[PDB]
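Only one structure is covered here, and it is reproduced in the block below.
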Amino acid sequence: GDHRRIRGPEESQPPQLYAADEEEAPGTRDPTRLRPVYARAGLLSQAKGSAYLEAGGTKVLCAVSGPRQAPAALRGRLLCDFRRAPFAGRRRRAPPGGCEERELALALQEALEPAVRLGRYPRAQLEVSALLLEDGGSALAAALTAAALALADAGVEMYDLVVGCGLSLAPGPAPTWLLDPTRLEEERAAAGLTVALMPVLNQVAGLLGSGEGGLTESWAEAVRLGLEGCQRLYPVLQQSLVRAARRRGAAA
Amino acid sequence: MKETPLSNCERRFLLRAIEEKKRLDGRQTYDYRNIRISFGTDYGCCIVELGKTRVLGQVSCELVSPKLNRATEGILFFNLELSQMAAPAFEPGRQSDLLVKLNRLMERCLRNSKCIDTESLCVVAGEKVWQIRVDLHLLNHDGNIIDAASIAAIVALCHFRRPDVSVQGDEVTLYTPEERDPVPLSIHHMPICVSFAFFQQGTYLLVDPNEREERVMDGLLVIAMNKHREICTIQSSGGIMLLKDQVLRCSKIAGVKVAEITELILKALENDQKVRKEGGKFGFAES
Amino acid sequence: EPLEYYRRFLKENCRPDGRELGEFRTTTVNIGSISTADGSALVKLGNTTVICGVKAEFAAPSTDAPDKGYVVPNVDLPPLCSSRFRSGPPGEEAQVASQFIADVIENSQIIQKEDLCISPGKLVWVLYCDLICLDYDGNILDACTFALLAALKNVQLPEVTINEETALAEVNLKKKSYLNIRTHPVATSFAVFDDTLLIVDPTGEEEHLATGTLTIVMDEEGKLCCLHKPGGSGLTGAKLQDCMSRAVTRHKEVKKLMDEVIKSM
Amino acid sequence: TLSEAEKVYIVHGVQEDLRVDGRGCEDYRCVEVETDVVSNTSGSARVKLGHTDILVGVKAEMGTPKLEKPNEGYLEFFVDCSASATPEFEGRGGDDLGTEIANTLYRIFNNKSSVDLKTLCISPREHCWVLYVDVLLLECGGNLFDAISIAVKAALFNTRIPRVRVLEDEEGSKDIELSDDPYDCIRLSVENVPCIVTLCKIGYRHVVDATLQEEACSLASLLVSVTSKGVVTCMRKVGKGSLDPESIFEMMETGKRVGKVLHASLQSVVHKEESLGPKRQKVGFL
Amino acid sequence: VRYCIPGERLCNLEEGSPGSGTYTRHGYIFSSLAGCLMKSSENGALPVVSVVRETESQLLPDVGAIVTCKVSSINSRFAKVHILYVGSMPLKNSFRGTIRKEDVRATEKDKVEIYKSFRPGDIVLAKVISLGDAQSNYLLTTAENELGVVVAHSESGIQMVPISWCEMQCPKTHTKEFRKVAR
Amino acid sequence: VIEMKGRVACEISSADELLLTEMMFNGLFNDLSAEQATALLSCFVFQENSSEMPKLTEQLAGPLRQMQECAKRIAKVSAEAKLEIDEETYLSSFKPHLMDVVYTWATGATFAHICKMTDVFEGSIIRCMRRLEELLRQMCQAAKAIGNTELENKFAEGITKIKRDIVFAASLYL
Amino acid sequence: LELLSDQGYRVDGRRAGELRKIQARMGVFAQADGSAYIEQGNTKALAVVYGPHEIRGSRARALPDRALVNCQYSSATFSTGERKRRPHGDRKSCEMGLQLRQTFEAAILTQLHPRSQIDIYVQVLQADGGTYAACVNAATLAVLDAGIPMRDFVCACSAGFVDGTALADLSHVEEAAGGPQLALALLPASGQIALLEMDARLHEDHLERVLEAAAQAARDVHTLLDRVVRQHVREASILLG
Amino acid sequence: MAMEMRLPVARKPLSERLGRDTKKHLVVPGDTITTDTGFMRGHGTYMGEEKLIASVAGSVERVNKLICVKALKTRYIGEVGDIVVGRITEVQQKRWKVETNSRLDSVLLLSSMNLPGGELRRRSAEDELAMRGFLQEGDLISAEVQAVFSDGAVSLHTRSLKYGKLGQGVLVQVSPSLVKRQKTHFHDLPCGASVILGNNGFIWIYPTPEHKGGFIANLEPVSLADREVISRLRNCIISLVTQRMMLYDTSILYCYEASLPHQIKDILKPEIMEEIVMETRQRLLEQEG
């Protein structure tokens with residue numbers, strides 16, 4: 001029993017597991033397709049920088065609590081707190097977590113440390129806080145992109161932006177690499193993958209993957225496909241940042 | 001915050017008065033302080049104060065699914081809290097060593113000695129059994145806890161009464177204290193610890209040390225006993241080198257001490273029952 | 001020199017933002033924005049923002065009241081709301097607000113727990129209403145309560161049945177049923193400066209440099225669910241009846257808003 | 001940690017295809033494998049890779065299966081990163097690395113084709129087997145993940161689950177029937193259990209078994225998980241630095257080859273040892 | 001006018017030089033912030049490009065400055081302060097300064113006494129000298145008679161008036177507090 | 001290469017250090033009192049002759065015999081290697097003519113009750129005692145080096161006994 | 001099942017007054033300043049001693065008079081047949097830490113390493129009874145391997161009481177039976193006890209017996225350990241030159 | 001490529017391959033050294049009830065009247081002229097804090113470190129700020145002790161320009177009880193390199209230059225013919241130490257000369273290690289006597 005939250009029931013299982021049906025399968029689509037993206041920077045007020053990204057059922061926030069006092073030893077730091085709202089996903093999980101939240105946090109940190117330049121932010125720790133309001137597919141990639149937007153918004157220095165992209169594998173007899181999929185295409189999947197790069201200097205920053213199976217060539221094709229997707233996505237984020245800067249110029 | 005430091009003057013004076021076999025308040029070495037046992041209104045509450053050290057003890061019950069390894073006998077849950085009113089240093093989550101050692105010692109003493117009947121408190125063997133928890137709280141800290149904590153847990157667990165229950169097959173019916181008379185517990189023997197403090201590597205030994213004597217002592221010997229001369233636990237702490245004859249003598253002391261404390265406890269319970277059988281929601285005993 | 005700078009506006013019967021000491025800021029909602037959840041509601045008062053997601057699950061009741069479907073609220077003030085919060089467990093304000101929401105849920109009686117029992121003694125619903133702040137510019141309790149109510153109207157639940165042969169229950173995620181709520185508790189906040197100056201919907205700074213705060217929940221049928229009065233320079237009933245009147249007015253306003261919204265869907 | 005000029009030395013060495021241990025860029029070091037160390041477990045193993053010593057215990061307990069997958073059991077992983085490795089670990093500082101390693105080990109086994117769990121089911125929805133794996137760190141000398149993986153595989157190969165007949169009966173009375181034949185205990189295949197492979201990039205050349213002194217000199221490291229066939233279950237990336245898109249492919253090919261070699265060697269070794277028998281005396285920590 | 005982005009190149013080194021908020025790669029410059037760029041030109045004709053996020057563009061309290069501040073903590077040695085108004089333009093990035101013991105009056109007497117010059121919770125204005133190295137501790141000085149405390153609240157809650165050089169009084173009741181009054 | 005004895009002798013520069021270290025590592029000062037050590041060191045700092053050799057009590061003379069035995073050992077070891085050294089001189093290059101002086105001075109007595117016992121000038125006594133205090137500091141540091149503590153406390157106490165009034169007064173030029 | 005056959009034998013096949021063959025070693029882990037290993041039967045303890053070194057995050061705890069002993073305990077999950085979790089942070093491992101700490105602060109002779117951490121670490125790989133004493137002894141061997149001064153072998157062991165007799169170096173079976181078990185740790189040279197834990201009900205007159213029995217068992221343990229240590233020192237010196 | 005796995009073989013203790021039967025006096029705590037009239041105690045013992053009781057494991061040594069012990073594993077106690085190699089850990093406003101295999105944090109006062117060339121006037125604030133840009137945190141210094149404080153710490157300095165900061169080279173960390181107390185720890189071997197043997201357990205190995213104080217970093221490459229030698233020396237030192245034998249010029253030179261047939265990598269496998277060490281030991285023993 002937790003003594004910092006309200007007294008609820010010991011255990012609670014959802015109703016779906018008590019359902020009786022073969023859930024609907026997506027079917028067919030253009031494998032090299034991308035979902036419609038709404039990215040806006042400057043949403044939140046009380047934060048030095050914030051960003052919001054929506055792609056399908058995916059809905060993610062990120063805020064940046066700026067430098068807070070706390071060479072190669074007087075080098076900045078950034079600690080990232082990924083956190084999925086308990087009302088995302090078919091199932092509910094207590095807020096704490098402790099299994100995948102921390103894994104994805106490590107991922108974000110490993111993908112952000114390269115882009116950000118911390119020599120110019122010594123003796124300081126940037127608190128990055130991501131929040132996943134709704135899970136609808138590629139989540140870690142949305143989180144990378146949103147954190148990048150929030151950083152670039154707060155005005156922390158960089159070398160280039162971070163663009164992510166998630167891929168899955170069709171378990172059909174002719175397995176094809178499915179780009180920017182949905183939670184259904186992702187739970188009915190064999191393998192998953194996530195790339196994240198910096199498109200100007202064309203360098204990966206952090207990737208990840210897993211598989212019911214695969215093979216070298218397949219993984220390589222997946223990688224390059226995700227790279228092309230990230231390239232095709234970059235301009236949206238560019239325009240978003242320009243727009244937010246124009247609104248700031250307008251405010252004063 | 002922090003405890004005020006100890007001056008070398010007081011330290012040396014204490015060591016000398018020990019050398020000369022002189023305590024501070026005016027008692028000998030083989031003597032406790034006046035311990036008072038006062039009761040509350042609710043069956044299961046006891047405030048025991050030895051000198052300045054006051055400790056509160058509450059006993060509560062619940063019904064819960066037992067643990068598979070022991071589906072016949074029930075459960076018991078100790079807990080001791082060091083309230084910030086006991087002393088400044090007792091901030092939450094800071095003096096954890098003392099909490100750990102005290103709680104383990106008390107658990108050991110009472111539980112593993114089989115002081116109460118974990119079997120008598122069975123209701124449905126496999127589904128629902130009792131659960132007796134005991135919360136001790138430290139209010140004022142002047143010296144000896146373990147003795148106080150133990151006397152409190154014992155006075156409580158001997159001054160507690162369960163809501164009666166009826167059963168047929170699986171049909172279990174609980175009832176309220178106003179509909180029937182709550183049933184007491186089942187004790188076999190009441191153990192209560194006894195604390196000895198060693199000074200100058202083992203040369204001198206005192207009983208029921210105050211706070212200063214605890215600050216200028218190097219070692220602590222706890223010994224649990226009954227009125228039937230049955231060692232229940234003994235522990236040495238403080239990183240001290242004692243011997244055999246020392247523990248033998250300390251045990252022959254704890255014998256008498258526990259006998260006397262036990263007589264008192266019984267008298268206290270007797271007086272409380274007598275009072276409630278005459279109108280009055282209290283009970284008081286004095287050393 | 002903030003306090004002084006602020007009294008200047010106060011004595012001009014205004015505020016440094018453009019509010020006439022007795023009116024709130026732009027209040028807006030959004031219902032059904034989220035699919036993964038049973039009920040969803042976004043509320044925002046200008047810069048302040050809150051979002052409630054209410055999930056529905058099964059659970060076994062107690063022995064004192066088998067016919068009671070639990071409603072468990074929890075408030076989350078993550079560090080992205082404001083810098084006064086740090087990554088870790090919940091602080092004090094989150095916990096107080098959680099208990100406030102729960103006290104409301106229990107006293108206003110907006111919902112009958114009995115309306116959540118399927119098979120008494122065996123199953124009952126549990127509504128995990130998780131609220132999250134996203135901009136703590138001030139007056140978070142009003143927003144929390146209003147978002148809770150909104151989502152708790154949005155929520156429509158499935159229907160379940162019991163089979164004696166299987167001795168288990170089945171759900172029908174196709175057909176559903178809304179959730180009946182009787183009372184519509186709205187919360188109205190107040191900040192009391194030195195003696196007699198009560199401002200309504202106080203933002204952040206106005207609460208930082210204030211002598212006391214007050215919150216009042218006012219059900220529709222001229223009743224009160226909670227008068228949260230944590231400390232303060234003091235008040236007499238004369239400085240309280242006015243707050244109650246203003247609370248009734250705010251009740252009317254926000255109920256009209258919520259009706260318009262649930263009808264624009 | 002270490003200085004900058006030492007890093008120059010090491011990176012030019014790699015670029016020159018030499019290393020302080022006078023080995024190339026595709027060469028592990030003698031890894032002392034042992035199995036059947038601890039006795040109270042249903043499986044165990046130990047590895048000493050240079051200056052990293054890992055122990056691994058495996059306990060086959062009986063538990064309820066998982067509602068979404070009642071037709072088969074599950075593996076759980078715990079990782080005690082004992083402070084005996086480096087004092088900078090304690091009751092709170094090692095949780096980070098332990099969690100990381102455990103999440104990896106899970107990600108290696110959400111594959112459905114590695115350990116045939118269907119073979120671990122007794123009575124669906126009612127009882128099943130559960131493999132509690134417990135990794136225990138005792139030194140940290142680099143190439144940690146590869147050694148942990150090798151230990152997991154050696155322990156699985158050395159795992160002996162007993163046969164049990166769980167017979168149902170009316171009025172809710174259950175009975176378990178053992179087979180009094182500790183020699184007749186079942187054995188799970190490991191022909192797919194994968195080995196990890198950590199390619200750390202130094203300069204413009206990639207390296208395997210990245211000793212600490214060389215990890216500090218690097219900027220990225222690609223972890224691959226290979227099976228003896230040649231597929232690639234997992235592909236993770238770790239490091240506070242960047243990484244080009246082309247070098248990924250070389251890293252993956254090298255991981256493939258190294259995994260082939262590693263699995264061959266391990267299989268041969270452990271068949272040898274299983275052949276010897278109790279004549280080996282099980283020299284451990286002595 | 002054009003707003004830039006942390007990855008886009010801006011110009012060759014042969015057509016400009018990095019001023020701030022940028023970096024260099026092979027034969028090119030690359031921005032490092034989301035903001036507005038500007039290429040200033042010297043009489044030398046070689047431009048200096050830079051990028052700025054004009055939200056809080058830049059401020060710099062130089063030596064011969066006059067900066068207000070608030071007295072938080074004090075000691076027999078020094079009194080620490082927070083920077084609010086550098087001149088008259090506030091700066092939400094409140095810098096933290098210090099005032100030494102002897103660097104308190106133009107007379108430089110050691111007889112000076114902090115508790116009779118300053119108190120915690122009053123506003124002064126002073127002249128910075130040293131920027132600082134590790135914590136950027138501004139060291140301010142008040143070696144002038146038109147410097148020091150300007151507003152000061154009374155024993156509990158009343159604002160006082162600067163009667164004389166080292167005296168101040170509340171108008172409601174009568175009580176002579178001691179400060180390093182300004183002017 | 002050096003050995004412990006070397007790191008004990010190097011700390012000494014005000015006298016013959018080989019013989020001091022041998023006196024240590026043969027266990028002389030480990031059995032005497034505070035002042036007797038001061039006297040046995042006076043046997044070294046002092047280098048002037050006097051008219052009448054003194055008469056010394058046993059408690060204070062005995063140690064000097066062990067001192068002379070160690071000196072003879074050093075002399076033989078020096079002659080084996082042919083240092084062109086003589087034994088009688090080396091042994092008698094150490095005048096104990098002030099042992100009693102220093103003893104009575106360390107007992108806390110009056111300079112006038114001291115300048116009489118010997119037909120020697122005063123400035124020579126002052127030089128003796130100053131060199132003696134320097135040597136005592138050095139020997140304290142040596143004992144600090146080897147690891148002993150009783151001996152260094154002993155020598156420091158001797159120092160505290162010497163400096164009373166005039167042997168260590170200030171220089172009017174300062 | 002049984003504990004004391006009428007003949008005098010136990011289950012394992014040993015009388016009351018004897019114990020199980022400890023098999024040890026010193027020098028397991030070289031990346032440390034001191035290491036050891038011991039198997040006191042089926043038990044398998046493992047000790048480490050990171051020497052007297054600097055305090056970081058000083059946090060105003062560097063004692064200026066003496067040294068700072070920090071001993072940590074751990075019982076692996078797969079130690080017992082019943083798997084458990086949270087081996088550290090529990091309310092029992094911390095008590096073991098306290099015990100070891102007040103023992104070695106007594107023995108380790110800290111007055112010579114002021115403002116310095118002596119970090120002791122103990123991991124129990126397999127437990128079959130006598131889990132505290134094995135750890136005491138492994139940590140002792142470690143300290144010794146680290147050339148850390150210490151007054152005397154702090155040798156520990158356990159005793160018990162069954163059928164009016166005293167058993168030495170209990171195992172898990174008679175440890176689960178619930179009978180009185182008395183664990184202790186003493187310094188043989190002087191005959192002084194550094195620790196005395198005990199947990200179960202028994203009469204008083206039956207105390208001296210188990211007490212002297214545990215003491216004698218610890219003496220035997222001393223003999224075995226010192227033979228090991230002497231072999232180790234001899235081999236090392238021979239290898240030097 | 002090449003990977004190899006192998007089971008663990010059991011040790012062969014007692015070192016019977018030598019057969020010495022030493023003429024020493026070993027002890028262990030509790031052991032009673034000879035109790036006689038006034039014997040002085042040294043490091044590695046103590047007193048109880050008029051009885052001299054050991055405190056540490058090793059051989060006893062009775063200098064003329066002083067009884068000490070010489071343990072087999074310790075942390076570097078500070079002498080007064082011993083050279084030393086050190087890895088820096090912190091940079092305090094006044095000085096540098098350095099890590100030796102010592103029981104505390106060695107100290108290099110800002111007054112001690114030599115200056116570029118001989119530009120010696122005095123230390124000012126500008127030097128206090130260059131205190132970092134020159135001697136980065138984590139760097140290495142080859143110094144010699146200046147003095148030992150009563151609190152145990154070691155203040156060390158730099159007598160000349162032969163000392164100071166170190167180049168790129170390579171390093172090893174061994175136990176400090178495996179370097180013979182002798183002179184000229186700074187060697188320049190004919191193999192094509194040079195070596196520094198700390199009185200602590202830090203050995204440094206650097207290629208020998210041609211010109212003949214660290215104030216400039218010559219971060220140039222190193223000929224393969226001078227990195228292979230360094231790596232072989234590194235592995236040879238590790239071999240020597242794994243077999244518990246002393247370490248100095250002749251030992252390392254002869255293990256080197258022994259490990260030419262066996263290639264640059266295959267001489268850590270315990271069989272090759274042992275046979276090389278045996279060859280070196282035997283030839284030292286027979287040539288020296």
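By order in the structure tokens, chains are A, B, ...; within a chain, residues start at 1; ligands start at 1, following the order shown.
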
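Interface residues on chain G toward chain B (cut-off 8 Å, only C-alpha atoms): residues 91, 92, 94, 95, 98, 99, 101, 102, 103, 104, 105, 106, 191, 192, 193, 194, 195, 196, 197, 198, 199, 200, 201, 202, 203, 204 and 208 of chain G.
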
Restrict the selected residues to N, CA and C atoms and save them as a PDB file, in the first residue's frame.
ATOM      1  N   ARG G  91      15.087  -5.066   6.179  1.00  0.00           N
ATOM      2  CA  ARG G  91      15.294  -4.762   7.587  1.00  0.00           C
ATOM      3  C   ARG G  91      16.169  -5.793   8.287  1.00  0.00           C
ATOM      4  N   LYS G  92      16.608  -6.835   7.584  1.00  0.00           N
ATOM      5  CA  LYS G  92      17.478  -7.862   8.147  1.00  0.00           C
ATOM      6  C   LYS G  92      18.919  -7.739   7.670  1.00  0.00           C
ATOM      7  N   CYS G  94      20.294  -5.051   6.883  1.00  0.00           N
ATOM      8  CA  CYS G  94      20.827  -3.876   7.558  1.00  0.00           C
ATOM      9  C   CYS G  94      21.222  -4.197   8.994  1.00  0.00           C
ATOM     10  N   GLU G  95      20.471  -5.076   9.655  1.00  0.00           N
ATOM     11  CA  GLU G  95      20.879  -5.530  10.977  1.00  0.00           C
ATOM     12  C   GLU G  95      22.196  -6.288  10.907  1.00  0.00           C
ATOM     13  N   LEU G  98      24.901  -3.739  10.690  1.00  0.00           N
ATOM     14  CA  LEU G  98      25.197  -3.206  12.017  1.00  0.00           C
ATOM     15  C   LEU G  98      26.078  -4.160  12.810  1.00  0.00           C
ATOM     16  N   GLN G  99      25.704  -5.437  12.837  1.00  0.00           N
ATOM     17  CA  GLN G  99      26.466  -6.428  13.587  1.00  0.00           C
ATOM     18  C   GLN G  99      27.915  -6.481  13.116  1.00  0.00           C
ATOM     19  N   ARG G 101      29.539  -4.352  11.579  1.00  0.00           N
ATOM     20  CA  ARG G 101      30.212  -3.077  11.755  1.00  0.00           C
ATOM     21  C   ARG G 101      30.710  -2.931  13.177  1.00  0.00           C
ATOM     22  N   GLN G 102      29.877  -3.295  14.150  1.00  0.00           N
ATOM     23  CA  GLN G 102      30.284  -3.148  15.540  1.00  0.00           C
ATOM     24  C   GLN G 102      31.288  -4.225  15.928  1.00  0.00           C
ATOM     25  N   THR G 103      31.335  -5.328  15.179  1.00  0.00           N
ATOM     26  CA  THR G 103      32.420  -6.287  15.376  1.00  0.00           C
ATOM     27  C   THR G 103      33.744  -5.732  14.866  1.00  0.00           C
ATOM     28  N   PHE G 104      33.791  -5.361  13.590  1.00  0.00           N
ATOM     29  CA  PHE G 104      35.069  -5.008  12.990  1.00  0.00           C
ATOM     30  C   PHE G 104      35.570  -3.654  13.479  1.00  0.00           C
ATOM     31  N   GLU G 105      34.676  -2.748  13.876  1.00  0.00           N
ATOM     32  CA  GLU G 105      35.129  -1.528  14.533  1.00  0.00           C
ATOM     33  C   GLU G 105      35.819  -1.853  15.845  1.00  0.00           C
ATOM     34  N   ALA G 106      35.438  -2.967  16.463  1.00  0.00           N
ATOM     35  CA  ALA G 106      36.124  -3.435  17.657  1.00  0.00           C
ATOM     36  C   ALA G 106      37.477  -4.034  17.308  1.00  0.00           C
ATOM     37  N   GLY G 191      40.156 -14.471  24.511  1.00  0.00           N
ATOM     38  CA  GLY G 191      38.964 -15.104  25.035  1.00  0.00           C
ATOM     39  C   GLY G 191      37.775 -14.185  25.144  1.00  0.00           C
ATOM     40  N   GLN G 192      37.742 -13.118  24.355  1.00  0.00           N
ATOM     41  CA  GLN G 192      36.720 -12.092  24.461  1.00  0.00           C
ATOM     42  C   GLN G 192      35.745 -12.182  23.301  1.00  0.00           C
ATOM     43  N   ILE G 193      34.472 -12.014  23.609  1.00  0.00           N
ATOM     44  CA  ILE G 193      33.413 -12.083  22.615  1.00  0.00           C
ATOM     45  C   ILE G 193      33.217 -10.707  22.003  1.00  0.00           C
ATOM     46  N   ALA G 194      33.196 -10.657  20.678  1.00  0.00           N
ATOM     47  CA  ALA G 194      32.900  -9.434  19.953  1.00  0.00           C
ATOM     48  C   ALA G 194      31.432  -9.306  19.603  1.00  0.00           C
ATOM     49  N   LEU G 195      30.701 -10.416  19.580  1.00  0.00           N
ATOM     50  CA  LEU G 195      29.275 -10.373  19.306  1.00  0.00           C
ATOM     51  C   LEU G 195      28.619 -11.640  19.817  1.00  0.00           C
ATOM     52  N   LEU G 196      27.363 -11.492  20.232  1.00  0.00           N
ATOM     53  CA  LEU G 196      26.598 -12.580  20.831  1.00  0.00           C
ATOM     54  C   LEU G 196      25.125 -12.361  20.488  1.00  0.00           C
ATOM     55  N   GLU G 197      24.688 -12.972  19.396  1.00  0.00           N
ATOM     56  CA  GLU G 197      23.285 -12.999  19.026  1.00  0.00           C
ATOM     57  C   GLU G 197      22.689 -14.340  19.423  1.00  0.00           C
ATOM     58  N   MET G 198      21.373 -14.355  19.593  1.00  0.00           N
ATOM     59  CA  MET G 198      20.717 -15.557  20.079  1.00  0.00           C
ATOM     60  C   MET G 198      19.222 -15.424  19.885  1.00  0.00           C
ATOM     61  N   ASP G 199      18.574 -16.496  19.421  1.00  0.00           N
ATOM     62  CA  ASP G 199      17.127 -16.388  19.225  1.00  0.00           C
ATOM     63  C   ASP G 199      16.441 -17.745  19.396  1.00  0.00           C
ATOM     64  N   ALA G 200      16.056 -18.046  20.638  1.00  0.00           N
ATOM     65  CA  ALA G 200      14.893 -18.877  20.925  1.00  0.00           C
ATOM     66  C   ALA G 200      14.727 -19.064  22.425  1.00  0.00           C
ATOM     67  N   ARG G 201      13.640 -19.719  22.811  1.00  0.00           N
ATOM     68  CA  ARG G 201      13.302 -19.942  24.205  1.00  0.00           C
ATOM     69  C   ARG G 201      14.093 -21.120  24.761  1.00  0.00           C
ATOM     70  N   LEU G 202      14.617 -20.958  25.973  1.00  0.00           N
ATOM     71  CA  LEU G 202      15.302 -22.032  26.682  1.00  0.00           C
ATOM     72  C   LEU G 202      15.570 -21.571  28.104  1.00  0.00           C
ATOM     73  N   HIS G 203      15.810 -22.543  28.978  1.00  0.00           N
ATOM     74  CA  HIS G 203      16.070 -22.260  30.375  1.00  0.00           C
ATOM     75  C   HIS G 203      17.418 -21.559  30.517  1.00  0.00           C
ATOM     76  N   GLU G 204      17.701 -21.096  31.731  1.00  0.00           N
ATOM     77  CA  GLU G 204      18.914 -20.327  31.976  1.00  0.00           C
ATOM     78  C   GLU G 204      20.097 -21.237  32.274  1.00  0.00           C
ATOM     79  N   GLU G 208      25.316 -21.826  29.917  1.00  0.00           N
ATOM     80  CA  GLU G 208      26.758 -22.028  29.954  1.00  0.00           C
ATOM     81  C   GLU G 208      27.189 -23.113  28.981  1.00  0.00           C
TER      82      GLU G 208
END

Cut-off 7 Å: closest chain D/chain G atom pairs per residue, using only C-alpha atoms, as a tab-separated table:
residue	atom	partner	partner_atom	distance
D:40	CA	G:81	CA	6.3
D:41	CA	G:78	CA	6.8
D:57	CA	G:78	CA	6.3
D:84	CA	G:121	CA	6.4
D:91	CA	G:88	CA	5.8
D:134	CA	G:78	CA	7.0
D:285	CA	G:28	CA	6.6
D:286	CA	G:25	CA	5.9

Exercise for the section: Considering only C-alpha atoms, return as a ChimeraX atom specification whatever protein or nucleic-acid residues lie within 10 Å of residue H:280, sequence-local ones (same chain, fewer than 3 positions apart) excluded. Expected result: /H:240,250-258,274-277,283-285

Handout entry: stretch 1-235 of chain H: residues DSSP assigns to helix (DSSP H, G or I), reported as a list in words
Key =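 Matching residues, listed in order: residues 13, 14, 15, 125, 126, 127, 128, 129, 130, 131, 132, 133, 176, 177, 178, 224, 225, 226, 227, 228, 229, 230, 231, 232, 233, 234 and 235 of chain H.
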
Handout entry: All residues 8 Å or closer to residue F:106, only C-alpha atoms, same chain fewer than 4 positions away omitted, as a list in words
Key = residues 35, 102, 158, 161 and 162 of chain F

Output the selection as a PDB file, in the first residue's frame - N, CA, C and O atoms for each residue.
ATOM      1  N   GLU F  35      64.883  14.128  31.949  1.00  0.00           N
ATOM      2  CA  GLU F  35      66.071  14.972  31.969  1.00  0.00           C
ATOM      3  C   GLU F  35      67.333  14.226  31.554  1.00  0.00           C
ATOM      4  O   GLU F  35      68.183  14.783  30.848  1.00  0.00           O
ATOM      5  N   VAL F 102      73.012  20.565  33.265  1.00  0.00           N
ATOM      6  CA  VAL F 102      71.747  20.475  32.548  1.00  0.00           C
ATOM      7  C   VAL F 102      70.694  19.789  33.399  1.00  0.00           C
ATOM      8  O   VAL F 102      69.518  20.160  33.367  1.00  0.00           O
ATOM      9  N   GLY F 158      61.136  17.527  27.989  1.00  0.00           N
ATOM     10  CA  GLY F 158      62.442  18.081  28.307  1.00  0.00           C
ATOM     11  C   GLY F 158      62.603  19.495  27.781  1.00  0.00           C
ATOM     12  O   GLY F 158      63.054  20.398  28.495  1.00  0.00           O
ATOM     13  N   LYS F 161      60.957  21.881  29.743  1.00  0.00           N
ATOM     14  CA  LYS F 161      61.636  22.085  31.018  1.00  0.00           C
ATOM     15  C   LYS F 161      62.780  23.078  30.887  1.00  0.00           C
ATOM     16  O   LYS F 161      63.034  23.866  31.803  1.00  0.00           O
ATOM     17  N   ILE F 162      63.484  23.053  29.758  1.00  0.00           N
ATOM     18  CA  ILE F 162      64.662  23.904  29.606  1.00  0.00           C
ATOM     19  C   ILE F 162      64.266  25.377  29.574  1.00  0.00           C
ATOM     20  O   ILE F 162      64.680  26.169  30.428  1.00  0.00           O
TER      21      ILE F 162
END
